[PDB]
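Take a look at the letters that make up each chain.
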Amino acid sequence: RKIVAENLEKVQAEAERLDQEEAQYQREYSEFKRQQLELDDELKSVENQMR
Amino acid sequence: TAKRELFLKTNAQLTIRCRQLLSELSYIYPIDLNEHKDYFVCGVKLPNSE
């Protein structure tokens, strides 16, 4: 029983690590998507001006 | 970025043509001047409003 409990504790630690990594990745994705949408808008605008 | 540079290139030629054909409109309508400082369009006067 003690061994099982210790294994659960380590699993929880790794879960916390994964959660922190997820948070960082989500911030990065937010920034990227912001840039992507802005770029698409500017692309369409420049194309219209060219035509 | 490439497409924006190309668009600027095209606009340059557009304005060039605009001035080119605006320069030929003086072959039809001349604006002239004489020493007394009167002004003539096609040789007929047009003083200031007053």
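The notes below deal with the structure included here.

## Section: the packing of aromatic side chains
In this description, an aromatic ring pair is defined by two values, namely the gap between the centres and the angle between the planes.
All names here are of chain A.
(1) Moving on: What the rule picks out here adds up to two aromatic pairs over all chains.
(2) Moving on: Between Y29 and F32, the aromatic rings sit 6.3 Å apart at their centres with planes inclined by 80 degrees, giving edge-to-face as the arrangement. Here the residue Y29 and the residue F32 both occupy positions in helix 1 (residues 2–50), the gap between them amounting to three residues, near one helical turn.
(3) Moving on: On the basis of relative accessibility, which here comes to 38%, the residue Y29 falls in the partly exposed class.
(4) Moving on: Judged by relative accessible area, which is 42%, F32 ranks as partly exposed.
(5) Moving on: Among the aromatic side chains, those forming a connected cluster through ring pairs are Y25, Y29 and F32.

## As for the interface of chain A and chain B
(1) Moving on: At the interface, five residues of chain A touch four residues of chain B.
(2) Moving on: Together, the buried faces of chain A and chain B total about 510 Å²; carbon and sulfur atoms form 65% of this surface.
(3) Moving on: Residue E47 of chain A pairs with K3 of chain B through a salt bridge whose shortest N-O separation is 3.7 Å.
(4) Moving on: Summed over the shared surface of chain A and chain B, the result is one residue pair in polar contact.
(5) Moving on: When the residues that make up the side of chain A that touches chain B are grouped by side-chain class, the tally is two nonpolar, one polar and two charged.

## Some points on unusual backbone geometry
All names here are of chain B.
(1) Moving on: Notably, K37 is not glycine yet its phi reads approximately 75 degrees, a positive angle.
(2) Moving on: Its location among the elements puts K37 in the loop between strand 1 (31–33) and strand 2 (39–41).
(3) Moving on: A positive phi angle, close to 50 degrees, is found at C42, a residue other than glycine.
(4) Moving on: The topology assignment puts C42 in the loop between strand 2 and strand 3 (44–45).

## Some thoughts on the layout of surface pockets
(1) Moving on: Quantified by volume, the largest pocket comes out at close to 190 Å³.
(2) Moving on: For the largest pocket, the full set of lining residues is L39, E42, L43, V46 and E47 of chain A together with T1, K3 and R4 of chain B.
(3) Moving on: Elements with a contribution of two residues or more to the lining of the largest pocket: helix 1 of chain A together with helix 1 (2–23) of chain B.
(4) Moving on: Ranked by the residues each element gives to the lining of the largest pocket, the list is headed by helix 1 of chain A, at five residues.

## Let's talk about the packing of helix 1 of chain A against helix 1 of chain B
(1) Moving on: The N-to-C vectors of helix 1 of chain A and helix 1 of chain B enclose an angle of 25 degrees; their axes lie 10 Å apart at closest approach. With respect to helix 1 of chain B, the axis of helix 1 of chain A lies roughly parallel. Two packed elements cross with a definite hand, and for helix 1 of chain A against helix 1 of chain B that hand is left-handed. Residues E42, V46, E47, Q49 and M50 of chain A of helix 1 of chain A form the contact with helix 1 of chain B, whose participating residues are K3, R4, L6 and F7 of chain B.
(2) Moving on: In the contact of helix 1 of chain A with helix 1 of chain B, the residues fall into four nonpolar, one polar and four charged.

Cut-offs used in this document
Residues numbered from 1 in each chain as written, not as in the entry; some residues may be left out. Chains lettered and ligands numbered in written order. Part of a larger assembly, values for the part shown. Heavy atoms only, no water. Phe/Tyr/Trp six-rings, centres within 6.5 Å; stacked < 30°, edge-to-face > 60°. Helix = DSSP H or I, 4+ residues; strand = E, 2+ residues; numbered from the N terminus. Buried < 20%, exposed > 50% of the residue type's maximum accessible area, 1.4 Å probe, protein only. Contact = heavy atoms within 4.5 Å. Buried area = accessible area lost by both parts, 1.4 Å probe. Salt bridge = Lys/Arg side-chain N within 4 Å of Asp/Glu carboxyl O. Polar contact = N/O pair within 3.5 Å; in protein donor to acceptor, adjacent residues only side chain to side chain. Nonpolar A, V, L, I, M, F, W, Y, C, P; charged D, E, K, R; others polar. 1 Å grid on protein atoms, 1.4 Å probe; cavity = no way out; pocket = protein on both sides within 12 Å on 5 of 7 lines; lining within 4 Å. Points joined across faces, edges and corners; volume = space filled by probe spheres on them. Axes fitted to C-alpha atoms, helices over the stretch in contact; angles between N-to-C directions. Parallel < 35°, antiparallel > 145°, perpendicular 65-115°, else oblique. Left-handed = near helix turned anticlockwise from the far one by under 90°.

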